[PDB]
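Asker: Structure incoming, see below.
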Amino acid sequence: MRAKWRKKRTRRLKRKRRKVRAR
Amino acid sequence: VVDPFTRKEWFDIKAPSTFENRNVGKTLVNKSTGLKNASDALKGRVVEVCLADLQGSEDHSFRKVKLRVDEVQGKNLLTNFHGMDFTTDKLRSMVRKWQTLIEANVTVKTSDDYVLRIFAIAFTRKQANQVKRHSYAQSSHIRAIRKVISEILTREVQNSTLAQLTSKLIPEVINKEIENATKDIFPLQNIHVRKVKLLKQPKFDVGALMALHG
Amino acid sequence: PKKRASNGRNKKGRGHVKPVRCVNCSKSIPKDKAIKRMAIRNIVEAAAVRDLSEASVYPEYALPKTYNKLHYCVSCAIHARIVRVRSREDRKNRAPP
Amino acid sequence: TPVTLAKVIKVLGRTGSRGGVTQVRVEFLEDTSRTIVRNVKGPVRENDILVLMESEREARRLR
Amino acid sequence: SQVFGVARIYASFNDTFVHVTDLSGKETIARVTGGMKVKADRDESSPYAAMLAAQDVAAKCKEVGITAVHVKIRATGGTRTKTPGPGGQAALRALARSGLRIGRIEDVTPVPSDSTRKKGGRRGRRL
Amino acid sequence: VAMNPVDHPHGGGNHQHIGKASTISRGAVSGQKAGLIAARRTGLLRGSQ
RNA sequence: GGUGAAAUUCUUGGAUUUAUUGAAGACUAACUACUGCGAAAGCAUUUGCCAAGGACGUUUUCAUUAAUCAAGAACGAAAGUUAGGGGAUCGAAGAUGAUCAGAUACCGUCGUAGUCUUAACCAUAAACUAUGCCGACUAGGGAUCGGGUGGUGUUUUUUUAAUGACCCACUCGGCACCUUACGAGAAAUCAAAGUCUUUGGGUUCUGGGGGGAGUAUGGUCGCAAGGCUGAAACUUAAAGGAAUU
Ligand SMILES: [Zn+2]
C-alpha cells in the first residue's frame, strides 16, 4: 500500500512482462 | 611464575638543558643481562613532560614537551626536544562560538638539518566598546593574518638551532611578536604556537647532544 | 498542516547543509537541524574533589574541565533532553534555559 | 572485620521504582568532615547511624 | 620526592581499564580492568568494578615502587560515544583514596579532525 | 578432452568430459601433468584476486 | 568484545589495553551562526594559477538593445549502469548470533557490489520556500556586503603620528532574515498567500470528485535499469483540507 512499494511492485511486473514479451 | 619487576632497573631521566629542572622522573627498563643491553630498549623512548612541572610556574601549565632518550655516557640517560603540544582541554577552552579560529602551519627547517613543522592558533577579539555580539573577521583579513604569521614563524628559523627555538618558545616571545604584527589588521587575542613537530632529524652529533650539560 | 514557520531547522538562504551523526542513535541528520548542546563539565565529579585535592600534588589544583558538543537527532533528543515537547503557544519561545 | 559507623546529616527524597529506598547524606563518626551520599531500605530519621561494610563507593538514584 | 607513573583510565561503556604505565609508557606496571573483578558481567563499566580495579592496581603500584601518578582519562574516541564511561569517575578518586598520589589530570580522548563514516547506518540503531 | 584416450589423459568417453580431478599433483610424473599443476585452489573468486 | 540481557567473535602461540613508528584510502570535526556564495543541484584544510559573478560607487558609454517564453538546448543529489585505477572506513546482497510463536527484520558480529577517482552514461528526488518569473504600491530590530558622514574612541611612533585597520553613532543601496499587526483566507496562517463580486500591469506552466492509473497502448530517447509524453472500459457517494469537543 506504501506508494513506494506499490510503485516497485508495478515496476517489477513491468520488467517480468518485458522478459515474457521478448519471446 | 615470573613477576619480572625483580629484574627491572630504574634509570636517571635528565632533561637537558634550557628548562630550569634538569631532572624530571625515573623510567624502569628490563635489566641489561644476556645479549639485550638496556640502551637498545630505552633508545627512542618519548616521555611527555608538562612544562608547568618542568619550569615550576603555573603559566606553563597548557604545554607538553615530548623528550626522547637519545644518549648514554657511562650510565647517563639524557633526553632532547622531540615535540611541543597544547593540553587537549586548554586548546578546547580557547575555541569558542562568535569568534574566528586562524591556523597557520609552516614546514620550516633550522640552522641544523631539523625539519620542524610549527603550527599556530590565533582567535579574533571583540574590541572594548563593541555592541556587535561577535568578532567575525573577513576572509581577506584571515589570508593577510596567515601571511604575517607564516613569514614571522619562518623569520624566527634559519636562526633558531631548535635549542634557541626551545629558549624562545618557553618565554612566549613569538606570541607577543605576532600580536603586534597582526594588531594593525585585527585585535587577535590568544596568539600561541600551540604545537611543534620534529618530522625529520639530522645525523646524531653526540657533541650537539652533550653540549647541553655543565 | 505546516507545523513550524522554520522546518525544525535553519536552512534559509542555503540549498544543502553537510549532515552530522547523532551521538547515541548514529542517525545522520543535517547539521542545522541537529540539536547541538555543549557538554562542559569538571574532569572530576562534584563529590570526589575533596579527596582529589587532599591526595593531589601541586596545591592550587588547576582542575581542568572537559568540552564536547553533543549533536543529537530529534528522536534521541525527545528521550527527556531539553525538548519536553511544548504547547503550540510555547513552541515559538526561542529563549534557552 | 572493619565495619564503619556513619551518622546521617540530611535525608533526600526516595529512589527506586517505589519509595522502598531513601537517598541519605551521612557523616562518618570516625575521621569526620567526610560527607558521603548513601542508599537505605527501612525508615530513616536524622541523627541515625548506618553501618557501612565499604566507606568507598558513592550512591546513585535507582531509575 | 615521589616516583611517578601514568594512570591511563580508558573508561568506555562495556568496560573500564585502569592500565597504570611508566612515564614514557614503554613499560606496564599493572593492567587490571573492570570485568576481571566480577565474573557475572551485566556491569563491567560500573563504578563498583572500576573502584575494585583501581584499588588492585594502586596496591600493586605501592608494591612495585611508584608513589604519585599522572592521570590520562580516556573515552572510546574514534567515531563512537566520545564521552568518558561511568567507571572513569570511580577509577580516579579510588586511585587517590587507596593512598596513591594523583596529579596532571588531562583527558586524552582521541577526537577525529574530520571523521570517517560512523558504525550503524543512515537511520542508525532503531529501538 | 576432444582427443582419444591414447593421446591425452583427458581423452575418450561417450561424452567430452575430464572424468576425474583436473588438479594434478606436483609429484605427478613427467607425462601425467594435464590440467592444473599443484592447484592451490580453482574456480572464479568473488570481490578481489 | 558487544549488549535491555546475552551469544557468534579473538585470546596465553600473551588477545583487549600501553608506547615508538610506518602505510593506505576516505574525511574536512571543534570555529559553524535564524551567517556566506551559487541558475538549481550544491559548495567549509592550505597555498598558487586560470577564468568568471553579483552588490556598491560612478556628473563614463551605447541608446529600447527589453519581460516571459511552444519547439530547441546546457547543468542536474543519491542510487544505478560501462570500462580503468582504487579499495581504509561504513555497508544493499549474503554468512551468522540473538529475540521471537515464527522474524530469512528491528539488535550483534562479519561482509561482496557499492559509489571516493578518470572517461562515458542515466536525468529522476518530500529536486520543497510542497508558494513560476519581470514589474509597481501598501507598516520595529538586528545582521552580511558596498559606499557617505561623523568619535578629541582604541591601537597607532619612525618626533607630534600621514594614515590605515578594528570598534561606536547617524545614513543610504542591495542581501539572507527575523518580531509585533487595520487587509486576505476554509482555516493553519502571511513582507506576500495584501492592493480580488469595488472582480483587468506583463507573461509561461498546471488542475476540474475518488479510484482504475502514471496503468495499457503508440512513438521518442537510453547499454540496461528506466525517462518523456499518456488513455479508455469498468467502479464508486464520497475521498480529501483545516480547525473543534
Ligand atoms: Zn538520534
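Here Cβ is always computed from backbone atoms with ideal geometry, including for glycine, and neighbour counts include all displayed protein chains. Read-outs: derived from the displayed coordinates by stated rules, not from any lab.
Asker: Out of curiosity, is B:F19 assigned to a loop (DSSP other than H, G, I, E, B), more than 14 Å from chain E (Cβ to nearest Cβ) and over 30 Å from B:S140 (Cα atoms)?
Answerer: Against the criterion (assigned to a loop (DSSP other than H, G, I, E, B), more than 14 Å from chain E (Cβ to nearest Cβ) and over 30 Å from B:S140 (Cα atoms)), B:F19 qualifies.
Asker: Now for a different question. Scan region D:29-63 residue by residue and report those that are surrounded by 14 or more Cβ atoms within 10 Å (Cβ to Cβ), more than 9 Å from every other protein chain (Cβ to nearest Cβ) and not in a loop (DSSP other than H, G, I, E, B).
Answerer: Of everything in region D:29-63, those that are surrounded by 14 or more Cβ atoms within 10 Å (Cβ to Cβ), more than 9 Å from every other protein chain (Cβ to nearest Cβ) and not in a loop (DSSP other than H, G, I, E, B) turn out to be D:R38, D:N39, D:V40, D:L50, D:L52.
Asker: Checking the conditions here, which among C:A39, C:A55, C:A46 is within 30 Å of E:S98 (Cβ to Cβ), surrounded by fewer than 15 Cβ atoms within 10 Å (Cβ to Cβ) and more than 16 Å from the ligand (Cβ to nearest atom)?
Answerer: On inspection, the qualifying residue turns out to be C:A46.
Asker: For region E:88-110, give me the residue count where each residue is of a type outside the set (V, I, T), more than 9 Å from RNA strand G (Cβ to nearest atom) and in a loop (DSSP other than H, G, I, E, B).
Answerer: Selection size over region E:88-110: 5.
Asker: Do you know which residues across region B:176-202 are without any contact (Cβ under 8 Å) to a residue 24 or more places away in the chain and either surrounded by 17 or more Cβ atoms within 10 Å (Cβ to Cβ) or among the charged types (D, E, K, R) (or both)?
Answerer: Scanning region B:176-202 gives B:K176, B:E179, B:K183, B:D184.
Asker: Could you give every pair whose Cβ atoms fall below 6 Å, whose first residue belongs to region D:12-32 and is farther than 13 Å from D:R63 by Cα, and whose second residue is loosely packed, with under 13 Cβ neighbours inside 10 Å and of a type outside the set (A, V, I, L, M), counting only separations of at least 6 or pairs across chains?
Answerer: D:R25/D:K10
Asker: From the list E:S24, E:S113, E:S45, pick out the single residue that is under 30 Å from B:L42 (Cβ atoms), in a loop (DSSP other than H, G, I, E, B) and more than 9 Å from chain C (Cβ to nearest Cβ).
Answerer: E:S24
Asker: Take region E:43-78 and flag every residue that is surrounded by fewer than 20 Cβ atoms within 10 Å (Cβ to Cβ), touching a residue at least 12 places away in the same chain (Cβ under 8 Å) and more than 25 Å from C:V57 (Cβ to Cβ).
Answerer: E:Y48, E:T76, E:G77, E:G78
Asker: Quick check on region D:1-10. Is at least one of its residues part of a loop (DSSP other than H, G, I, E, B) and of a type in the set (G, A, S)?
Answerer: No; the residues of region D:1-10 include none that is part of a loop (DSSP other than H, G, I, E, B) and of a type in the set (G, A, S).
Asker: Further question: Mind listing whichever residues of region E:99-109 are facing chain C (nearest Cβ under 9 Å) and either more than 17 Å from C:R50 (Cα to Cα) or polar (S, T, N, Q) (or both)?
Answerer: The answer is E:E106, E:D107, E:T109.
One line per residue, one yes/no per condition, for (1) of a type in the set (K, R); (2) within 22 Å of C:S53 (Cα to Cα):
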{"residue": "D:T4", "(1), (2)": "no, no"}
{"residue": "D:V8", "(1), (2)": "no, no"}
{"residue": "D:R18", "(1), (2)": "yes, no"}
{"residue": "D:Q23", "(1), (2)": "no, no"}
{"residue": "D:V26", "(1), (2)": "no, yes"}
{"residue": "D:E30", "(1), (2)": "no, yes"}
{"residue": "D:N39", "(1), (2)": "no, no"}
{"residue": "D:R45", "(1), (2)": "yes, no"}
{"residue": "D:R61", "(1), (2)": "yes, no"}
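Asker: Of everything in region E:55-73 that's within 9 Å of another protein chain (Cβ to nearest Cβ) and within 14 Å of the chain's Cα centre (by Cα), which residue is farthest from RNA strand G (Cβ to nearest atom)?
Answerer: E:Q55
Asker: Report, ordered by the first and then the second residue, all pairs with beta carbons closer than 6 Å, sequence separation of six or more or different chains, a first member in region C:14-27 that is touching a residue at least 24 places away in the same chain (Cβ under 8 Å) and charged (D, E, K, R), and a second member that is more than 9 Å from RNA strand G (Cβ to nearest atom) and assigned to a loop (DSSP other than H, G, I, E, B).
Answerer: C:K27/C:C73
Asker: So which pairs qualify, if the first residue must be in region C:55-75 and within 20 Å of B:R96 (Cα to Cα) and within 9 Å of chain E (Cβ to nearest Cβ), the second must be within 13 Å of RNA strand G (Cβ to nearest atom) and of a type in the set (K, R), the Cβ gap must be under 7 Å, and the two must be at least 6 apart or on different chains?
Answerer: These pairs meet every condition: C:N68/E:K82; C:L70/C:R37.
Asker: Another question, if that's okay. Determine, yes or no, whether B:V49 is within 11 Å of another protein chain (Cβ to nearest Cβ), assigned to a strand (DSSP E or B), in contact with a helix residue (DSSP H, G or I) (Cβ under 7 Å, 6 or more places away or on another chain) and without any contact (Cβ under 8 Å) to a residue 40 or more places away in the chain.
Answerer: So B:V49 fails the test.
Asker: Could you list, in sequence order, all residues of region B:53-92 that are more than 13 Å from the chain's Cα centre (by Cα) and assigned to a helix (DSSP H, G or I)?
Answerer: B:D53, B:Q55, B:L91, B:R92 - these are the residues of region B:53-92 that are more than 13 Å from the chain's Cα centre (by Cα) and assigned to a helix (DSSP H, G or I).
Asker: Taking region B:54-69 as the region of interest, how many residues are surrounded by fewer than 20 Cβ atoms within 10 Å (Cβ to Cβ), in contact (Cβ under 8 Å) with a residue 24 or more places away in the chain and touching a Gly at 6+ places or on another chain (Cβ under 8 Å)?
Answerer: 1
Asker: Also, quick follow-up: Select from region E:27-42 the residues that are surrounded by 20 or more Cβ atoms within 10 Å (Cβ to Cβ) and more than 14 Å from chain B (Cβ to nearest Cβ) and write down the one among them that is farthest from the ligand (Cβ to nearest atom).
Answerer: This residue is E:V32.
Asker: Here are some conditions: (1) assigned to a loop (DSSP other than H, G, I, E, B); (2) within 11 Å of another protein chain (Cβ to nearest Cβ). E:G85 meets all but one. Which one does it not meet?
Answerer: Unmet condition: (2).
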